[PDB]
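Novice: start_19.cif is the file, holding mmCIF, C-alpha atoms; chains and numbers go by the auth columns:
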data_coords
#
loop_
_atom_site.group_PDB
_atom_site.id
_atom_site.type_symbol
_atom_site.label_atom_id
_atom_site.label_comp_id
_atom_site.label_asym_id
_atom_site.label_seq_id
_atom_site.Cartn_x
_atom_site.Cartn_y
_atom_site.Cartn_z
_atom_site.B_iso_or_equiv
_atom_site.auth_seq_id
_atom_site.auth_asym_id
ATOM 1 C CA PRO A 1 0.000 0.000 0.000 0.00 1 A
ATOM 2 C CA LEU A 2 0.923 3.671 -0.372 0.00 2 A
ATOM 3 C CA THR A 3 -0.464 7.156 0.258 0.00 3 A
ATOM 4 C CA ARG A 4 0.061 10.691 -1.040 0.00 4 A
ATOM 5 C CA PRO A 5 2.588 13.123 0.495 0.00 5 A
ATOM 6 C CA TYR A 6 0.303 14.541 3.183 0.00 6 A
ATOM 7 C CA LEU A 7 1.335 15.629 6.679 0.00 7 A
ATOM 8 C CA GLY A 8 -1.210 15.887 9.478 0.00 8 A
ATOM 9 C CA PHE A 9 0.995 16.521 12.502 0.00 9 A
ATOM 10 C CA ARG A 10 3.760 18.705 13.937 0.00 10 A
ATOM 11 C CA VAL A 11 7.377 17.715 14.575 0.00 11 A
ATOM 12 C CA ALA A 12 10.064 19.589 16.503 0.00 12 A
ATOM 13 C CA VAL A 13 13.750 18.665 16.319 0.00 13 A
ATOM 14 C CA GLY A 14 15.419 18.742 19.722 0.00 14 A
ATOM 15 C CA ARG A 15 17.258 16.724 22.360 0.00 15 A
ATOM 16 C CA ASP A 16 15.943 14.431 25.094 0.00 16 A
ATOM 17 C CA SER A 17 17.383 13.362 28.449 0.00 17 A
ATOM 18 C CA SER A 18 19.301 10.694 26.532 0.00 18 A
ATOM 19 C CA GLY A 19 20.364 12.757 23.534 0.00 19 A
ATOM 20 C CA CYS A 20 19.579 10.583 20.522 0.00 20 A
ATOM 21 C CA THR A 21 18.287 13.415 18.338 0.00 21 A
ATOM 22 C CA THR A 22 14.569 12.700 17.974 0.00 22 A
ATOM 23 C CA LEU A 23 11.438 14.624 16.993 0.00 23 A
ATOM 24 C CA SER A 24 8.473 14.879 19.363 0.00 24 A
ATOM 25 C CA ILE A 25 4.861 14.913 18.174 0.00 25 A
ATOM 26 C CA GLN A 26 2.554 17.702 19.340 0.00 26 A
ATOM 27 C CA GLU A 27 -0.486 16.730 17.270 0.00 27 A
ATOM 28 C CA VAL A 28 -2.208 13.491 16.258 0.00 28 A
ATOM 29 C CA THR A 29 -0.993 11.567 13.212 0.00 29 A
ATOM 30 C CA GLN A 30 -2.656 8.229 13.950 0.00 30 A
ATOM 31 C CA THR A 31 -6.057 9.793 13.280 0.00 31 A
ATOM 32 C CA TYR A 32 -5.576 10.120 9.522 0.00 32 A
ATOM 33 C CA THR A 33 -6.160 7.659 6.681 0.00 33 A
ATOM 34 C CA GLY A 34 -6.649 7.455 2.927 0.00 34 A
ATOM 35 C CA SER A 35 -4.551 4.620 1.522 0.00 35 A
ATOM 36 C CA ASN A 36 -5.917 1.071 1.641 0.00 36 A
ATOM 37 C CA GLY A 37 -8.318 2.380 4.270 0.00 37 A
ATOM 38 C CA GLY A 38 -9.941 5.742 3.656 0.00 38 A
ATOM 39 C CA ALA A 39 -11.251 6.833 7.048 0.00 39 A
ATOM 40 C CA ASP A 40 -9.424 9.761 8.646 0.00 40 A
ATOM 41 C CA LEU A 41 -10.684 9.991 12.228 0.00 41 A
ATOM 42 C CA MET A 42 -10.222 8.775 15.804 0.00 42 A
ATOM 43 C CA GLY A 43 -10.866 5.150 16.715 0.00 43 A
ATOM 44 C CA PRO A 44 -8.161 2.543 16.023 0.00 44 A
ATOM 45 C CA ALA A 45 -5.450 4.896 17.280 0.00 45 A
ATOM 46 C CA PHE A 46 -6.946 4.962 20.776 0.00 46 A
ATOM 47 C CA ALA A 47 -6.791 1.163 20.714 0.00 47 A
ATOM 48 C CA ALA A 48 -3.011 1.365 21.080 0.00 48 A
ATOM 49 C CA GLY A 49 -2.939 4.573 23.099 0.00 49 A
ATOM 50 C CA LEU A 50 -1.365 6.748 20.414 0.00 50 A
ATOM 51 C CA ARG A 51 -1.796 10.358 21.532 0.00 51 A
ATOM 52 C CA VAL A 52 -0.020 13.722 21.583 0.00 52 A
ATOM 53 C CA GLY A 53 3.043 13.868 23.811 0.00 53 A
ATOM 54 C CA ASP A 54 5.143 10.821 22.966 0.00 54 A
ATOM 55 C CA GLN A 55 7.702 10.862 20.152 0.00 55 A
ATOM 56 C CA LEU A 56 7.856 8.353 17.298 0.00 56 A
ATOM 57 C CA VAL A 57 11.062 7.326 15.526 0.00 57 A
ATOM 58 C CA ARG A 58 10.402 3.752 14.407 0.00 58 A
ATOM 59 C CA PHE A 59 14.175 3.458 14.018 0.00 59 A
ATOM 60 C CA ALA A 60 16.919 1.592 15.876 0.00 60 A
ATOM 61 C CA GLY A 61 18.689 4.156 18.036 0.00 61 A
ATOM 62 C CA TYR A 62 15.811 6.329 19.221 0.00 62 A
ATOM 63 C CA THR A 63 16.447 8.731 16.341 0.00 63 A
ATOM 64 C CA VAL A 64 14.368 10.049 13.442 0.00 64 A
ATOM 65 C CA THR A 65 14.719 12.391 10.467 0.00 65 A
ATOM 66 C CA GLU A 66 11.411 14.266 10.402 0.00 66 A
ATOM 67 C CA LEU A 67 7.739 14.183 9.410 0.00 67 A
ATOM 68 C CA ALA A 68 8.867 13.646 5.818 0.00 68 A
ATOM 69 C CA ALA A 69 10.673 10.438 6.770 0.00 69 A
ATOM 70 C CA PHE A 70 7.704 9.273 8.842 0.00 70 A
ATOM 71 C CA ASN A 71 5.331 10.076 5.980 0.00 71 A
ATOM 72 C CA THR A 72 6.726 7.197 3.923 0.00 72 A
ATOM 73 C CA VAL A 73 6.941 4.759 6.832 0.00 73 A
ATOM 74 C CA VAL A 74 3.346 5.454 7.860 0.00 74 A
ATOM 75 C CA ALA A 75 2.039 5.011 4.318 0.00 75 A
ATOM 76 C CA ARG A 76 4.011 1.786 3.900 0.00 76 A
ATOM 77 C CA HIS A 77 2.821 0.558 7.299 0.00 77 A
ATOM 78 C CA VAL A 78 -0.775 1.516 6.508 0.00 78 A
ATOM 79 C CA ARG A 79 -2.584 -1.799 6.059 0.00 79 A
ATOM 80 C CA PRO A 80 -5.879 -3.571 6.867 0.00 80 A
ATOM 81 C CA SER A 81 -5.635 -4.882 10.429 0.00 81 A
ATOM 82 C CA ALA A 82 -1.849 -4.550 10.307 0.00 82 A
ATOM 83 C CA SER A 83 -0.169 -4.355 13.714 0.00 83 A
ATOM 84 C CA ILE A 84 3.577 -3.878 14.164 0.00 84 A
ATOM 85 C CA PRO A 85 5.996 -2.997 16.995 0.00 85 A
ATOM 86 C CA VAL A 86 6.864 0.694 17.300 0.00 86 A
ATOM 87 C CA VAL A 87 9.733 2.363 19.155 0.00 87 A
ATOM 88 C CA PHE A 88 8.788 5.457 21.155 0.00 88 A
ATOM 89 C CA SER A 89 10.627 7.598 23.705 0.00 89 A
ATOM 90 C CA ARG A 90 9.441 9.647 26.682 0.00 90 A
ATOM 91 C CA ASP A 91 11.875 12.516 27.243 0.00 91 A
ATOM 92 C CA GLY A 92 14.811 10.137 26.926 0.00 92 A
ATOM 93 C CA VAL A 93 12.943 7.007 27.986 0.00 93 A
ATOM 94 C CA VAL A 94 13.219 3.654 26.212 0.00 94 A
ATOM 95 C CA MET A 95 9.951 1.767 25.741 0.00 95 A
ATOM 96 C CA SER A 96 8.290 -0.429 23.115 0.00 96 A
ATOM 97 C CA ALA A 97 4.589 -1.058 22.508 0.00 97 A
ATOM 98 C CA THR A 98 2.670 -2.877 19.774 0.00 98 A
ATOM 99 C CA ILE A 99 0.105 -0.731 17.966 0.00 99 A
ATOM 100 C CA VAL A 100 -2.626 -2.225 15.780 0.00 100 A
ATOM 101 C CA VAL A 101 -4.034 0.128 13.146 0.00 101 A
ATOM 102 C CA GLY A 102 -7.188 -0.831 11.274 0.00 102 A
ATOM 103 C CA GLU A 103 -7.612 0.768 7.856 0.00 103 A
ATOM 104 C CA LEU A 104 -10.269 -1.669 6.638 0.00 104 A
ATOM 105 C CA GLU A 105 -12.382 -3.486 9.226 0.00 105 A
#
Could I get this file's structure written as structure tokens?
Specialist:
Amino acid sequence: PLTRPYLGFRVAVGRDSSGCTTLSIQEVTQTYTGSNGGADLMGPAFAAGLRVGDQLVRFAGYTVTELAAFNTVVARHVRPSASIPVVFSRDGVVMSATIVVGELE
């Protein structure tokens, strides 16, 4: 699957307590859809607990490029009942949680 180059969130480049160069999310990006799903809203995101506050890198090392880099990953990850492990950080914290996103129930 794949989606168009659309960004529905904010990303700020900074440094955490650890210092791995990561971008924190201020808005919601798990509430949008259009590829292999078509249903931008809030529902499946809350199932995993994806909300504003935590940062998403989805990369080994607790580091990320920017919204542009996440735009491709998200689109590629976008699938019907597709759940995969994501790496998030909390102000320099290391934690991993599985999030299941449903694009086509």
Novice: Considering only C-alpha atoms, can you say which of A:79, A:58, A:4, A:51 comes closest to residue A:25?
Specialist: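 Among the listed residues, the smallest separation from residue A:25 belongs to A:51.
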Novice: Closest to residue A:49 among A:64, A:13, A:28, A:93, using all atoms listed in the file?
Specialist: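 That would be A:28, the residue with the smallest distance to residue A:49.
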Novice: What does the structure give for the distance between atom CA of residue A:55 and atom CA of residue A:3, in Å to one decimal?
Specialist: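 Atom-to-atom, atom CA of residue A:55 and atom CA of residue A:3 are spaced 21.8 Å apart.
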Novice: Which residues fall under the PyMOL selection byres ((chain A and resi 98-102) around 10) in this file, as a VMD selection string?
Specialist: chain A and resid 30 to 31 33 36 to 37 39 43 to 50 77 to 87 96 to 97 103 to 105
Novice: As an NGL selection string, please: the residues near residue A:90 (cut-off 9 Å, all atoms listed in the file, same-chain neighbours under 6 positions excluded).
Specialist: :A and (16-17 or 53-55)
Novice: Would you mind exporting the chosen residues as a CSV table (one decimal), in the frame of the given file, restricted to C-alpha atoms?
Specialist:
chain,number,residue,atom,x,y,z
A,16,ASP,CA,15.9,14.4,25.1
A,17,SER,CA,17.4,13.4,28.4
A,53,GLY,CA,3.0,13.9,23.8
A,54,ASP,CA,5.1,10.8,23.0
A,55,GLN,CA,7.7,10.9,20.2
Novice: Please, what distance in Å, to one decimal, runs between atom CA of residue A:9 and atom CA of residue A:62?
Specialist: 19.2 Å
Novice: Compare A:56, A:67, A:8, A:38 by their minimum atom-to-atom distance to residue A:22, counting all atoms listed in the file, and give me the closest one.
Specialist: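 Closest residue, counting all atoms listed in the file: A:56.
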Novice: Up to 8 Å from (16.6, 15.9, 16.3) in the file's coordinates: name the residues, counting all atoms listed in the file, as a list in words.
Specialist: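 Within the cut-off we find residues 12, 13, 14, 15, 20, 21, 22, 23, 63, 64 and 65 of chain A.
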Novice: Kindly give the distance, in Å, that separates atom CA of residue A:70 and atom CA of residue A:27, rounded to a single decimal.
Specialist: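 Between atom CA of residue A:70 and atom CA of residue A:27 the gap works out to 13.9 Å.
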Novice: Residues at most 7 Å from residue A:26, counting only C-alpha atoms, excluding those fewer than 2 positions away in the same chain, as number ranges by chain?
Specialist: A: 10-11, 24, 52-53
